[PDB]
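**Student:** This is target-v1.pdb, which holds PDB, C-alpha atoms:
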```
ATOM      1  CA  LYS A   2      61.539  15.092 -79.853
ATOM      2  CA  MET A   3      64.478  14.591 -82.200
ATOM      3  CA  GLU A   4      63.029  11.274 -83.389
ATOM      4  CA  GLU A   5      59.794  12.685 -84.803
ATOM      5  CA  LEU A   6      61.691  15.769 -85.954
ATOM      6  CA  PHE A   7      63.852  13.453 -88.078
ATOM      7  CA  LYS A   8      60.855  11.475 -89.322
ATOM      8  CA  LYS A   9      59.258  14.770 -90.369
ATOM      9  CA  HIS A  10      62.186  16.600 -91.977
ATOM     10  CA  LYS A  11      63.459  13.463 -93.773
ATOM     11  CA  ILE A  12      67.039  14.691 -94.306
ATOM     12  CA  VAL A  13      70.093  15.692 -92.277
ATOM     13  CA  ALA A  14      73.221  17.390 -93.620
ATOM     14  CA  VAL A  15      76.745  16.766 -92.322
ATOM     15  CA  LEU A  16      79.246  19.517 -93.139
ATOM     16  CA  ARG A  17      82.435  18.105 -94.602
ATOM     17  CA  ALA A  18      83.854  21.606 -94.657
ATOM     18  CA  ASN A  19      86.804  23.937 -94.102
ATOM     19  CA  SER A  20      87.371  26.870 -91.713
ATOM     20  CA  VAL A  21      84.658  28.321 -89.453
ATOM     21  CA  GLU A  22      83.788  31.084 -91.922
ATOM     22  CA  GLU A  23      83.158  28.713 -94.823
ATOM     23  CA  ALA A  24      81.301  26.300 -92.543
ATOM     24  CA  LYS A  25      78.991  29.133 -91.475
ATOM     25  CA  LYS A  26      78.508  30.353 -95.054
ATOM     26  CA  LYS A  27      77.670  26.786 -96.121
ATOM     27  CA  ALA A  28      75.270  25.987 -93.269
ATOM     28  CA  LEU A  29      73.044  28.835 -94.502
ATOM     29  CA  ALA A  30      72.907  27.620 -98.107
ATOM     30  CA  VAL A  31      71.507  24.234 -97.076
ATOM     31  CA  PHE A  32      69.014  25.910 -94.734
ATOM     32  CA  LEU A  33      67.665  28.067 -97.558
ATOM     33  CA  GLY A  34      67.486  24.882 -99.607
ATOM     34  CA  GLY A  35      65.050  23.444 -97.064
ATOM     35  CA  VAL A  36      67.373  21.041 -95.210
ATOM     36  CA  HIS A  37      66.406  22.173 -91.717
ATOM     37  CA  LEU A  38      68.526  19.453 -90.060
ATOM     38  CA  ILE A  39      72.234  20.307 -90.007
ATOM     39  CA  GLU A  40      75.178  18.588 -88.303
ATOM     40  CA  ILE A  41      78.472  20.413 -87.743
ATOM     41  CA  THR A  42      80.966  17.561 -87.971
ATOM     42  CA  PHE A  43      83.935  18.136 -85.689
ATOM     43  CA  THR A  44      86.275  17.565 -88.645
ATOM     44  CA  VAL A  45      85.871  21.300 -89.325
ATOM     45  CA  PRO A  46      88.130  23.456 -87.112
ATOM     46  CA  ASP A  47      86.323  24.627 -83.968
ATOM     47  CA  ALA A  48      82.897  23.141 -84.640
ATOM     48  CA  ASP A  49      81.977  24.198 -81.106
ATOM     49  CA  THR A  50      82.592  27.819 -82.095
ATOM     50  CA  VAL A  51      80.711  27.261 -85.360
ATOM     51  CA  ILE A  52      77.656  25.992 -83.479
ATOM     52  CA  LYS A  53      77.878  28.741 -80.850
ATOM     53  CA  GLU A  54      78.080  31.469 -83.493
ATOM     54  CA  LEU A  55      75.415  29.874 -85.706
ATOM     55  CA  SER A  56      72.849  29.223 -82.952
ATOM     56  CA  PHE A  57      70.974  32.177 -84.487
ATOM     57  CA  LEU A  58      69.566  29.707 -87.035
ATOM     58  CA  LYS A  59      67.716  27.920 -84.217
ATOM     59  CA  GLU A  60      65.137  30.714 -84.134
ATOM     60  CA  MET A  61      64.762  30.635 -87.923
ATOM     61  CA  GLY A  62      64.144  26.875 -87.780
ATOM     62  CA  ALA A  63      67.456  25.094 -88.340
ATOM     63  CA  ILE A  64      68.279  22.073 -86.187
ATOM     64  CA  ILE A  65      72.024  22.073 -85.516
ATOM     65  CA  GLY A  66      73.919  19.056 -84.218
ATOM     66  CA  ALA A  67      77.429  17.659 -84.009
ATOM     67  CA  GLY A  68      78.771  14.936 -86.273
ATOM     68  CA  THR A  69      81.779  12.599 -86.094
ATOM     69  CA  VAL A  70      81.964  13.115 -82.332
ATOM     70  CA  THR A  71      84.523  10.445 -81.448
ATOM     71  CA  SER A  72      85.438  11.406 -77.877
ATOM     72  CA  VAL A  73      83.643  12.373 -74.683
ATOM     73  CA  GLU A  74      85.510  15.697 -74.582
ATOM     74  CA  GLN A  75      84.174  16.436 -78.063
ATOM     75  CA  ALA A  76      80.716  15.524 -76.765
ATOM     76  CA  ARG A  77      81.240  18.025 -73.942
ATOM     77  CA  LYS A  78      82.216  20.836 -76.303
ATOM     78  CA  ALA A  79      79.255  19.965 -78.531
ATOM     79  CA  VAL A  80      76.734  20.099 -75.676
ATOM     80  CA  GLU A  81      78.100  23.301 -74.132
ATOM     81  CA  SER A  82      78.308  24.804 -77.629
ATOM     82  CA  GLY A  83      74.534  24.499 -78.037
ATOM     83  CA  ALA A  84      74.230  21.429 -80.261
ATOM     84  CA  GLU A  85      70.941  19.645 -79.613
ATOM     85  CA  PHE A  86      72.020  16.154 -80.694
ATOM     86  CA  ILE A  87      75.375  14.373 -80.890
ATOM     87  CA  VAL A  88      76.260  11.934 -83.678
ATOM     88  CA  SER A  89      79.238   9.580 -83.715
ATOM     89  CA  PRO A  90      80.620   7.354 -86.488
ATOM     90  CA  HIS A  91      80.976   4.344 -84.164
ATOM     91  CA  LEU A  92      79.289   3.127 -80.992
ATOM     92  CA  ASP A  93      80.668   4.666 -77.788
ATOM     93  CA  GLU A  94      79.193   3.479 -74.496
ATOM     94  CA  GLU A  95      80.531   6.389 -72.434
ATOM     95  CA  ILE A  96      79.343   8.978 -74.963
ATOM     96  CA  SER A  97      75.948   7.255 -74.996
ATOM     97  CA  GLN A  98      75.849   7.402 -71.181
ATOM     98  CA  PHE A  99      76.668  11.114 -71.154
ATOM     99  CA  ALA A 100      74.022  11.749 -73.811
ATOM    100  CA  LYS A 101      71.507   9.756 -71.774
ATOM    101  CA  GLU A 102      72.279  11.684 -68.587
ATOM    102  CA  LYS A 103      72.220  15.100 -70.301
ATOM    103  CA  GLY A 104      69.143  14.384 -72.424
ATOM    104  CA  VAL A 105      70.960  14.902 -75.731
ATOM    105  CA  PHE A 106      69.696  12.821 -78.643
ATOM    106  CA  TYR A 107      72.421  10.439 -79.793
ATOM    107  CA  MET A 108      72.511   8.070 -82.777
ATOM    108  CA  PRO A 109      75.784   6.131 -82.862
ATOM    109  CA  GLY A 110      77.145   4.430 -85.950
ATOM    110  CA  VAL A 111      76.608   0.696 -86.351
ATOM    111  CA  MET A 112      77.627  -1.199 -89.483
ATOM    112  CA  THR A 113      77.049  -4.820 -88.432
ATOM    113  CA  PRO A 114      74.365  -6.754 -86.500
ATOM    114  CA  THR A 115      76.684  -7.515 -83.586
ATOM    115  CA  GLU A 116      77.024  -3.743 -83.153
ATOM    116  CA  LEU A 117      73.331  -3.095 -83.808
ATOM    117  CA  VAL A 118      72.309  -5.458 -81.002
ATOM    118  CA  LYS A 119      74.690  -3.743 -78.584
ATOM    119  CA  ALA A 120      73.160  -0.409 -79.592
ATOM    120  CA  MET A 121      69.652  -1.746 -78.975
ATOM    121  CA  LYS A 122      70.682  -3.080 -75.569
ATOM    122  CA  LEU A 123      71.995   0.394 -74.759
ATOM    123  CA  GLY A 124      68.576   1.833 -75.628
ATOM    124  CA  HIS A 125      69.003   3.488 -79.038
ATOM    125  CA  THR A 126      66.555   2.309 -81.696
ATOM    126  CA  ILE A 127      67.518   5.048 -84.188
ATOM    127  CA  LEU A 128      70.934   4.317 -85.649
ATOM    128  CA  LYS A 129      73.485   5.672 -88.118
ATOM    129  CA  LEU A 130      74.260   3.160 -90.871
ATOM    130  CA  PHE A 131      77.884   4.130 -91.541
ATOM    131  CA  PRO A 132      79.004   3.557 -94.254
ATOM    132  CA  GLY A 133      75.980   3.328 -96.497
ATOM    133  CA  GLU A 134      78.262   3.295 -99.540
ATOM    134  CA  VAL A 135      79.579  -0.079 -98.361
ATOM    135  CA  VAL A 136      76.460  -1.718 -96.918
ATOM    136  CA  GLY A 137      73.764  -0.556 -99.345
ATOM    137  CA  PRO A 138      69.976  -0.497 -99.074
ATOM    138  CA  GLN A 139      70.260  -4.287 -98.934
ATOM    139  CA  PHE A 140      71.438  -4.106 -95.325
ATOM    140  CA  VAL A 141      68.376  -2.094 -94.289
ATOM    141  CA  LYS A 142      65.978  -4.278 -96.268
ATOM    142  CA  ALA A 143      67.411  -7.537 -94.916
ATOM    143  CA  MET A 144      67.693  -6.259 -91.334
ATOM    144  CA  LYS A 145      64.106  -4.993 -91.338
ATOM    145  CA  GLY A 146      63.080  -8.589 -90.653
ATOM    146  CA  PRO A 147      64.936  -9.690 -87.515
ATOM    147  CA  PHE A 148      64.927  -6.161 -86.021
ATOM    148  CA  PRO A 149      61.803  -4.368 -87.293
ATOM    149  CA  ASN A 150      61.899  -1.846 -84.421
ATOM    150  CA  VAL A 151      65.273  -0.357 -85.472
ATOM    151  CA  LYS A 152      65.230   2.444 -88.040
ATOM    152  CA  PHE A 153      68.361   3.616 -89.833
ATOM    153  CA  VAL A 154      69.989   6.901 -90.872
ATOM    154  CA  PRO A 155      72.369   5.937 -93.707
ATOM    155  CA  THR A 156      75.193   8.488 -93.827
ATOM    156  CA  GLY A 157      77.609   8.231 -96.735
ATOM    157  CA  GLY A 158      77.006   6.946-100.242
ATOM    158  CA  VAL A 159      73.604   8.645-100.547
ATOM    159  CA  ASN A 160      73.128  10.990-103.502
ATOM    160  CA  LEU A 161      70.547  12.156-106.041
ATOM    161  CA  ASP A 162      70.206   8.864-107.905
ATOM    162  CA  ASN A 163      69.323   6.605-104.969
ATOM    163  CA  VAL A 164      68.122   8.718-102.029
ATOM    164  CA  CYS A 165      64.521   7.614-102.385
ATOM    165  CA  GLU A 166      65.902   4.152-103.130
ATOM    166  CA  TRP A 167      67.258   4.224 -99.565
ATOM    167  CA  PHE A 168      63.856   5.614 -98.547
ATOM    168  CA  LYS A 169      62.041   2.643-100.134
ATOM    169  CA  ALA A 170      63.764   0.408 -97.555
ATOM    170  CA  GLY A 171      62.678   1.976 -94.268
ATOM    171  CA  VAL A 172      65.100   4.722 -93.231
ATOM    172  CA  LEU A 173      64.212   8.009 -91.539
ATOM    173  CA  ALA A 174      66.528  10.494 -93.204
ATOM    174  CA  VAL A 175      69.672  10.104 -95.286
ATOM    175  CA  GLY A 176      72.838  11.685 -93.914
ATOM    176  CA  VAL A 177      74.262  13.080 -97.165
ATOM    177  CA  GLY A 178      77.185  15.436 -96.644
ATOM    178  CA  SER A 179      79.422  15.539 -99.713
ATOM    179  CA  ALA A 180      76.807  15.644-102.462
ATOM    180  CA  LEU A 181      75.138  18.481-100.608
ATOM    181  CA  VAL A 182      78.076  20.426 -99.182
ATOM    182  CA  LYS A 183      80.656  20.304-101.985
ATOM    183  CA  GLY A 184      80.311  23.481-103.997
ATOM    184  CA  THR A 185      79.909  27.221-103.567
ATOM    185  CA  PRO A 186      76.999  28.555-101.452
ATOM    186  CA  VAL A 187      75.053  29.516-104.597
ATOM    187  CA  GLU A 188      74.945  25.891-105.807
ATOM    188  CA  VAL A 189      74.982  24.214-102.395
ATOM    189  CA  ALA A 190      71.557  25.782-101.847
ATOM    190  CA  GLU A 191      70.503  24.687-105.341
ATOM    191  CA  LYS A 192      71.458  21.068-104.570
ATOM    192  CA  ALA A 193      69.694  21.280-101.202
ATOM    193  CA  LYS A 194      66.503  22.531-102.859
ATOM    194  CA  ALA A 195      66.633  19.858-105.589
ATOM    195  CA  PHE A 196      67.500  17.225-102.965
ATOM    196  CA  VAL A 197      64.829  17.916-100.330
ATOM    197  CA  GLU A 198      62.160  17.843-103.051
ATOM    198  CA  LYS A 199      63.057  14.455-104.549
ATOM    199  CA  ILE A 200      62.971  13.098-100.996
ATOM    200  CA  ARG A 201      59.499  14.590-100.621
ATOM    201  CA  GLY A 202      58.172  13.327-103.950
ATOM    202  CA  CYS A 203      60.241  10.586-105.589
TER     203      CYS A 203
END
```
Show me the file's structure as structure tokens.
**Tutor:**
Amino acid sequence: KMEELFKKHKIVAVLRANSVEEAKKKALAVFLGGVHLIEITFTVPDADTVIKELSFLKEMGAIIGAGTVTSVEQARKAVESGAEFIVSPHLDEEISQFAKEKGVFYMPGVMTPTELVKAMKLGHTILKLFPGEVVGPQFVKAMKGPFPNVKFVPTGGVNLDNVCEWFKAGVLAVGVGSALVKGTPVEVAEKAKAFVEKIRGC
């Protein structure tokens, strides 16, 4: 499910944010902007509580997940909090096993081919290219050859100027979270609306 949902919505937002209240008030601004995919990164305090309290957006059409989930306990809290897909910055075999057994979509972070191949051998063909700011669209374009069945989600370093540049290389959905979360909820929504339309058109 989550795979085609990503390929359809073509953007996911990670919330580099402060306290639960501001995280909640900022996860609405992006939703009204059209970014229906939202990740509550555990760097915010009590992201489990944020997801539990904000599950009301599920009915409206938001897709809430957990980002920067480093540990299996954090994966627990994310699943029992109602998040429908866990995201990690690195590759974690035990987290990927728990996600596999609980049917929770998981896209770990792989920067280099020797991590990408391990990810493939664990069964994930949708991967988080972290950090995009370091690798570039060149990594995706050059790795499209040897591994054409792996499709990337470049989180970090994606902004207005080059988002469809990353899209012209074969990614599903950028993972922008500081050029679409840094501001007040009246301009966060404005950036989301001007950022989910350039993705659509370019």
**Student:** Take CA of residue 168 in chain A and CA of residue 11 in chain A and report the distance between them in Å, one decimal.
**Tutor:**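 Separating CA of residue 168 in chain A from CA of residue 11 in chain A is a distance of 9.2 Å.
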**Student:** Using all atoms listed in the file for the distances, tell me which of A:64, A:198, A:178, A:117 is nearest to residue 42 in chain A.
**Tutor:**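 The answer is A:178, which sits nearest to residue 42 in chain A.
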**Student:** For a quick check of understanding, using only C-alpha atoms, which of A:9, A:53, A:169, A:183 has the smallest distance to residue 203 in chain A?
**Tutor:** A:169
**Student:** Using only C-alpha atoms, pick whichever of A:175, A:39, A:6, A:108 has the shortest atom-to-atom distance to residue 126 in chain A.
**Tutor:**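 Among the listed residues, the smallest separation from residue 126 in chain A belongs to A:108.
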**Student:** Residues near residue 149 in chain A, anyone? I mean within 12 Å using all atoms listed in the file, not counting same-chain ones fewer than 6 positions away, as a list in words.
**Tutor:**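 My reading of the contact set: residues 121, 126, 127, 141, 142, 143, 170, 171 and 172 of chain A.
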**Student:** Store the residues picked out above, limited to C-alpha atoms, as a compact mmCIF listing (two decimals), in the coordinates of the input.
**Tutor:**
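So out34.txt came out as:
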```txt
# COMPACT_ATOMS: atom_id res chain seq x y z
CA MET A 121 69.65 -1.75 -78.97
CA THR A 126 66.56 2.31 -81.70
CA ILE A 127 67.52 5.05 -84.19
CA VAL A 141 68.38 -2.09 -94.29
CA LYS A 142 65.98 -4.28 -96.27
CA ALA A 143 67.41 -7.54 -94.92
CA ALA A 170 63.76 0.41 -97.56
CA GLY A 171 62.68 1.98 -94.27
CA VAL A 172 65.10 4.72 -93.23
```
**Student:** Do you have the CA of residue 49 in chain A-CA of residue 17 in chain A distance handy?
**Tutor:**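 These atoms are spaced 14.8 Å apart.
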**Student:** Show me as a PyMOL selection string the residues that reach within 8 Å of (73.3, 13.1, -86.2), counting all atoms listed in the file and using the file's own coordinates.
**Tutor:** chain A and resi 13+15+40+66-68+86-89+107-108+129+176
**Student:** Between A:177, A:7, A:2, A:51, which is the closest to residue 128 in chain A once you count only C-alpha atoms?
**Tutor:** A:7
**Student:** Please return, as a list in words, all polymer residues that have at least one atom within 10 Å of the point (67.8, 11.4, -95.3); use all atoms listed in the file and the file's own coordinate frame.
**Tutor:**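 Counting all atoms listed in the file, I find these residues within 10 Å of (67.8, 11.4, -95.3): residues 7, 8, 10, 11, 12, 13, 14, 36, 38, 153, 154, 155, 156, 159, 160, 164, 165, 167, 168, 172, 173, 174, 175, 176, 177, 196, 197 and 200 of chain A.
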**Student:** Decode the PyMOL selection byres ((chain A and resi 98) around 12) for the given file into explicit residues and return them as an mmCIF file with C-alpha atoms, keeping the file's coordinate frame.
**Tutor:**
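Final output, saved to out_36.cif:
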```cif
data_model
loop_
_atom_site.group_PDB
_atom_site.id
_atom_site.type_symbol
_atom_site.label_atom_id
_atom_site.label_comp_id
_atom_site.auth_asym_id
_atom_site.auth_seq_id
_atom_site.Cartn_x
_atom_site.Cartn_y
_atom_site.Cartn_z
ATOM 1 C CA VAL A 73 83.643 12.373 -74.683
ATOM 2 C CA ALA A 76 80.716 15.524 -76.765
ATOM 3 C CA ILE A 87 75.375 14.373 -80.890
ATOM 4 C CA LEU A 92 79.289 3.127 -80.992
ATOM 5 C CA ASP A 93 80.668 4.666 -77.788
ATOM 6 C CA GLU A 94 79.193 3.479 -74.496
ATOM 7 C CA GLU A 95 80.531 6.389 -72.434
ATOM 8 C CA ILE A 96 79.343 8.978 -74.963
ATOM 9 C CA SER A 97 75.948 7.255 -74.996
ATOM 10 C CA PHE A 99 76.668 11.114 -71.154
ATOM 11 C CA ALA A 100 74.022 11.749 -73.811
ATOM 12 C CA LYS A 101 71.507 9.756 -71.774
ATOM 13 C CA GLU A 102 72.279 11.684 -68.587
ATOM 14 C CA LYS A 103 72.220 15.100 -70.301
ATOM 15 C CA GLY A 104 69.143 14.384 -72.424
ATOM 16 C CA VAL A 105 70.960 14.902 -75.731
ATOM 17 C CA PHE A 106 69.696 12.821 -78.643
ATOM 18 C CA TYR A 107 72.421 10.439 -79.793
ATOM 19 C CA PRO A 109 75.784 6.131 -82.862
ATOM 20 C CA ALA A 120 73.160 -0.409 -79.592
ATOM 21 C CA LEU A 123 71.995 0.394 -74.759
ATOM 22 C CA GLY A 124 68.576 1.833 -75.628
ATOM 23 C CA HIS A 125 69.003 3.488 -79.038
#
```
**Student:** Using all atoms listed in the file, which of A:158, A:62, A:110, A:186 sits nearest residue 29 in chain A?
**Tutor:**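 Distance minimum relative to residue 29 in chain A lands on A:186.
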**Student:** So which residues get picked by the PyMOL selection byres ((chain A and resi 192) around 9) here, written as an MDAnalysis selection string?
**Tutor:** chainID A and resid 31 34 180:182 188:191 193:197
**Student:** For this file, the PyMOL selection byres ((chain A and resi 52) around 12) selects which residues, as a ChimeraX atom specification?
**Tutor:** /A:16,21-22,24-25,28,39-43,45-51,53-59,63-68,78-86
